[PDB]
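To start, the structure itself, in structure tokens.
What follows is calculated from the coordinates using simple rules that are stated; it is not laboratory data. Positions of Cβ are backbone-derived with ideal geometry, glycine not excepted, and every protein chain shown enters the neighbour counts.
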Amino acid sequence: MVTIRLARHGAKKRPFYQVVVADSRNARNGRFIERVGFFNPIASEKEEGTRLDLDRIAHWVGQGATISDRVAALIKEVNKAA
Amino acid sequence: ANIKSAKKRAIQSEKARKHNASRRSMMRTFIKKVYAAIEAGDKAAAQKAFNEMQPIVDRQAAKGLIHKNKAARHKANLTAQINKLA
Amino acid sequence: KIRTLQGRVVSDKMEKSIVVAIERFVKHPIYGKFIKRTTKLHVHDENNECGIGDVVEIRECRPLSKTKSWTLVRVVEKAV
Amino acid sequence: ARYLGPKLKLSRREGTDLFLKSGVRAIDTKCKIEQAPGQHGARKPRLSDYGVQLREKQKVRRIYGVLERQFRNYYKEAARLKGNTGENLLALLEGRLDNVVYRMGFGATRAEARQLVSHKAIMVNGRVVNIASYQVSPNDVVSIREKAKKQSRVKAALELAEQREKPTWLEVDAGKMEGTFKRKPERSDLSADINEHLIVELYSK
RNA sequence: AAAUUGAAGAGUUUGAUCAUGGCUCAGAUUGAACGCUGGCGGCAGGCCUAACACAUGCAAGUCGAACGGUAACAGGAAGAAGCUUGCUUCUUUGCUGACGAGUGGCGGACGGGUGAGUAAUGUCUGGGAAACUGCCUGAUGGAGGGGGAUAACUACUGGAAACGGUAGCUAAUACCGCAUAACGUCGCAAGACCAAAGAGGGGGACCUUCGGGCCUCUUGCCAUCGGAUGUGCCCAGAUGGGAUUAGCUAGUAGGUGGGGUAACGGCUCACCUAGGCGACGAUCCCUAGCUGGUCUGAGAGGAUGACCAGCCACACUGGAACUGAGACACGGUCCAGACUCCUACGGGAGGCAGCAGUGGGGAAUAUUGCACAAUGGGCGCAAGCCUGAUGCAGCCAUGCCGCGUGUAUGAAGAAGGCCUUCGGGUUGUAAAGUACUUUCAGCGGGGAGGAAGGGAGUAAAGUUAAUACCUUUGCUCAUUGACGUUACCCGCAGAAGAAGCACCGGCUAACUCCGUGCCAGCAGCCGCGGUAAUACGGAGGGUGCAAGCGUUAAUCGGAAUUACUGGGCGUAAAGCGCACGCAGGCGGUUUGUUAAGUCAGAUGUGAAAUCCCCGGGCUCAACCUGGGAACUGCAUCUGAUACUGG
């Protein structure tokens, strides 16, 4: 099925996660359908560090896609503060 | 086979092969009877065979063993040829 | 609103079937000169109607044989 | 990663003052500045066109402390930028920390100022920077930290900065031991004995 | 606002000259290797050869909330009795916590590897019509009622093992009918025909064959039409070399009708027609996985396809199917073949181009490491279990980037070396000496972030016959890190522990002694060496790079030396011995029309990464990252009509 998940990138011990509407069979860093936002867990906290696209995630959940554990938490947390 | 899953799954598939083979042979045999009655030149024998074939191939589509569209080709193809006689 | 090529009719020995050269003027990639490069096509003609030499017009439908996926919309010029 | 040798062999090969000993003692007492270094110095050469381009690059390199692999990289950058590629290349050497230290006059030489920098005596904007090639920006403060106000080196060095010329592009505030790199220096602000067209010609063969 | 600012020559033919023209050099790059040398860290990279053969361990399971169940080890119960009245040793019991083997489900078609085959059942770009699609999702309805089996288990039994054979035994969401049936399929219509499966948590009443029924919530099951994803199929263009390969093709090319496929189709077959492809390179031979990209270049070009990402193909060699939403299946089946082992000689077993690793080949390429803590994946209501994917560590200067190996001062300028016109000169402020600093390494102390969640508790709202239960939302408490003795920060001691390699005739930056005597040797090209060698070998000095420096190999450059941009052909290489002439290329002048080329505008696409610009984050840098520009292309639509074409 179609999912919404984090692909890892970044250097070693300093990850960085793109957020990617994939088919679930494809490998983590491989073939995605869309990119939708990002997530930096090492961020400075004076300067962004997470940005989802809530308008295009809600579209893909419409058409009937899953979400991860993490991408769920990131949606909960980017609707509290913003 | 090394893996447990693979040993088992080879047994299951040899069971299903023997099963499916029987259901596939049956389903053909009823279809052969209609082509026998068509080659005789024989409208109401062939129409009687078509009505014994019909419920079998529609079921075998639902059970999985053929596809919906193979079922329909077999009906369409005979229905055409019995209407050329009568 | 259909994509529709034009051409002309370099055989018609086949039954319900013709062969139809499409010309086009391509710039050569290196040397800059515009060139006649030809594109032959087997085409479905119902009614055996189209003569050899005849200008014609054709569209892409489903596959009809091994070769043909192209069927004959209308004739333009002819008998020449 | 650093020239460890005799500093006045270098100054004789250029025929020039490269500022590599401070000026407690003046230059012409120590060495022989007119005569070139080693055994066959007093004999002139007809120095070729490649020669004079090489000789000029190695003057600039040996002032600022930089080695070739690193200098070549400054040159790539300087060309990448928009501007005269000579003027840009000298901006990027007057940006370097170990130099900016010395031009504010906490070091006596660039080799001293580089030992400050490496030994964690320098902050930039509060944070301890300890690498010589750090590129200072406009409106950064550089400043000494609190062990290293109590050194004899730094006080005696600030005496020697009053006898040299004043840089325009730094505001030093020498009682505190800090100062503000205000803007990038222009070509007019720097020494005009350095030909830069020779270096650029060199690499674009 | 910005998104490209870009182009060097020299040596060698001659007594000398100008020209032609080859050879050679100076640059960048690398999955490199070899030699000499070697302090630290960061980020990358690492069998290019034999798609050779492999010992050993691990790389795919999970589910008791589908089922019959007990062999384990946890309790509990009746109950032998430790009996010292409750501290429990030993006999039962599937009673419940669980759970080996078995049935059944879902997954083993993903993820991981490799590039042998494949010049087109491939790839890239753009179009299209005749298709299927488990898991996820929207809508619409259904879910009634019966049957016969068989693994396990039991009893006997064959075989050295692998693995089996008899006779009974029993279950389900296993399997099969019947009922049921439309917006489903067949049909012009009338009509004909097609399915299903239950399991869980709790419960106020009320009945019982004390099993449950019954109420309710969660969850699955079946059909139909949608959506999303994934896949299949077709067409046009583009996608290496060879003409000392020019004719190839009879299921061949088209038709009609049958059969086949999820689907169009010579896909297959019977009859009929005699076509189809080709100098715009068919056929045949050689080489090769394709692309995004990478290297080089001022650019146009040329070379390349390692890592990362997309597509293809293969899984000891060849052949074939089966199961299934999906395979003609790396860790499945059957067959043949070669190889390797076991055998009581009847027969059996295996497949690292998963991760480590061994041998072999080779100039040459690593540990039989830790962890699922994070991100993904499978199964599961969940807890959780699995995951050599992945995340980390190890080895190696293989590469890029950063830092270090001290700093300042110090003279008749010590010694020793070297040269000397024997005055002195040079090594050289170099050392010693005197002041100061302690980065990194070494020894101590502190210490972020990667962790989001899940659990145990309450609180409210929903839910409903119910304050049960379940779900959603907030609250409180105890927790989850492989790396790791982590990054980062502070303290201690003392210049302490840390510099080599190539070159010095010209091209090309850097020169003198002694040895040697066309010998030994050097050498990229010219050439050097035959007793005063700036060219050999050693010494002293110097130049250039610097934890690296050189040699070799390979690509582009320089090379306007295959010239589109951008060359030539009277004598330097180069005008067919001369004509005619088919395909081909090119075509005077004028008006109209068309709008193919051409130009302008708009939409769609041109994956992400890469490159370039403006920013941000690692102390800086490499490295990572936000936004843009670019992807010069292809298609569609609307205009323009000078030029070319019709």
Exercise. Can you name the condition, by its number, that A:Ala72 falls short on among (1) within 22 Å of A:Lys13 (Cβ to Cβ); (2) loosely packed, with under 13 Cβ neighbours inside 10 Å; (3) under 12 Å from the mean Cα position of the chain (by Cα)?
Worked result: (1)
Problem set entry | Residue match in segment C:26-38 (condition: surrounded by 13 or more Cβ atoms within 10 Å (Cβ to Cβ), touching a residue at least 12 places away in the same chain (Cβ under 8 Å) and within 9 Å of RNA strand E (Cβ to nearest atom)) | no
For this session: Please specify each residue of segment D:34-60 satisfying the condition of being surrounded by fewer than 18 Cβ atoms within 10 Å (Cβ to Cβ) and under 20 Å from the mean Cα position of the chain (by Cα).
Result: D:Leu54, D:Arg55, D:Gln58
Problem set entry | segment D:71-88 residues that are away from every other protein chain (no Cβ under 14 Å), paired with ones that are surrounded by 14 or more Cβ atoms within 10 Å (Cβ to Cβ) and of a type in the set (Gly, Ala, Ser) (beta carbon under 7 Å, 6 or more apart) | D:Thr85/D:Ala78; D:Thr85/D:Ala79; D:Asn88/D:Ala78
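Could you look through segment A:8-33, keep only residues that are out of contact with any helix residue (DSSP H, G or I) (no Cβ under 9 Å at 6 or more places or on another chain) and among the aromatic types (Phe, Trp, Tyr), and pick out the one that is farthest from A:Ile57 (Cα to Cα)? I'd like the intermediate steps shown before the answer.
We begin by selecting, within segment A:8-33, every residue out of contact with any helix residue (DSSP H, G or I) (no Cβ under 9 Å at 6 or more places or on another chain); these are A:8-16, A:18, A:20, A:22-32.
This time we only want the ones that are among the aromatic types (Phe, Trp, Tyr), so: A:16, A:32.
Details: A:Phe16: 19, A:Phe32: 14 Å.
Out of the qualifying residues, it is A:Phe16.
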Exercise. Does segment D:181-198 include one or more residues that are within 30 Å of D:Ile27 (Cβ to Cβ) and near RNA strand E (Cβ under 9 Å from one of its atoms)?
Worked result: yes
Exercise. Within segment B:30-52, is there a residue that is more than 14 Å from every other protein chain (Cβ to nearest Cβ), polar (S, T, N, Q) and within 25 Å of B:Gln81 (Cα to Cα)?
Worked result: yes
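Go over the candidates D:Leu116, D:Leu198, D:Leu160 one by one and state the one that is in contact with a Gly (Cβ under 7 Å, 6 or more places away or on another chain), surrounded by 18 or more Cβ atoms within 10 Å (Cβ to Cβ) and either in a helix (DSSP H, G or I) or touching a residue at least 24 places away in the same chain (Cβ under 8 Å) (or both).
Working: D:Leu198 fails: in contact with a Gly (Cβ under 7 Å, 6 or more places away or on another chain); D:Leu160 fails: surrounded by 18 or more Cβ atoms within 10 Å (Cβ to Cβ).
None of the others qualify; the one that does is D:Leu116.
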Problem set entry | Hits in segment B:1-46 - residues which are outside any helix (DSSP H, G or I), small (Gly, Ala, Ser) and near RNA strand E (Cβ under 10 Å from one of its atoms) | B:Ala1
Seminar exercise, completed: Of the residues in segment D:9-24 that are aliphatic (A, V, I, L, M) and closer than 15 Å to D:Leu160 by Cβ, the one that is surrounded by the fewest Cβ atoms within 10 Å (Cβ to Cβ) is D:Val24
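So that you can scan it fast, the table gives a plain yes or no per residue for (1) closer than 12 Å to A:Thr3 by Cβ; (2) within 14 Å of another protein chain (Cβ to nearest Cβ); (3) over 12 Å from the mean Cα position of the chain (by Cα):
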position	(1), (2), (3)
A:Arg35	no, no, no
A:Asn40	no, no, no
A:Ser44	no, yes, yes
A:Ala58	no, no, yes
For this session: Could you please find all residues in segment A:7-64 being in contact with a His (Cβ under 8 Å, 6 or more places away or on another chain) and either more than 20 Å from A:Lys80 (Cβ to Cβ) or loosely packed, with under 14 Cβ neighbours inside 10 Å (or both)?
Result: A:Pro15, A:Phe16, A:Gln18, A:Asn29
Seminar exercise, completed: The correct count of residues that are assigned to a loop (DSSP other than H, G, I, E, B), in contact (Cβ under 8 Å) with a residue 24 or more places away in the chain and within 14 Å of A:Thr66 (Cα to Cα) in segment A:1-41 is 4
Seminar exercise, completed: When every residue in segment B:69-86 that is more than 6 Å from RNA strand E (Cβ to nearest atom) and under 19 Å from B:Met26 (Cα atoms) is compared, the one farthest from the other protein chains (Cβ to nearest Cβ) is B:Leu78
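Being more than 14 Å from chain A (Cβ to nearest Cβ), within 20 Å of D:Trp169 (Cβ to Cβ) and buried (at least 21 other Cβ atoms within 10 Å of the Cβ) is true for just one of D:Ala121, D:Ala108, D:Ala132. Which residue is that? Reasoning before the result, please.
On the way: D:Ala121 fails: within 20 Å of D:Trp169 (Cβ to Cβ); D:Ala108 fails: within 20 Å of D:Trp169 (Cβ to Cβ).
One residue alone meets the criteria, D:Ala132.
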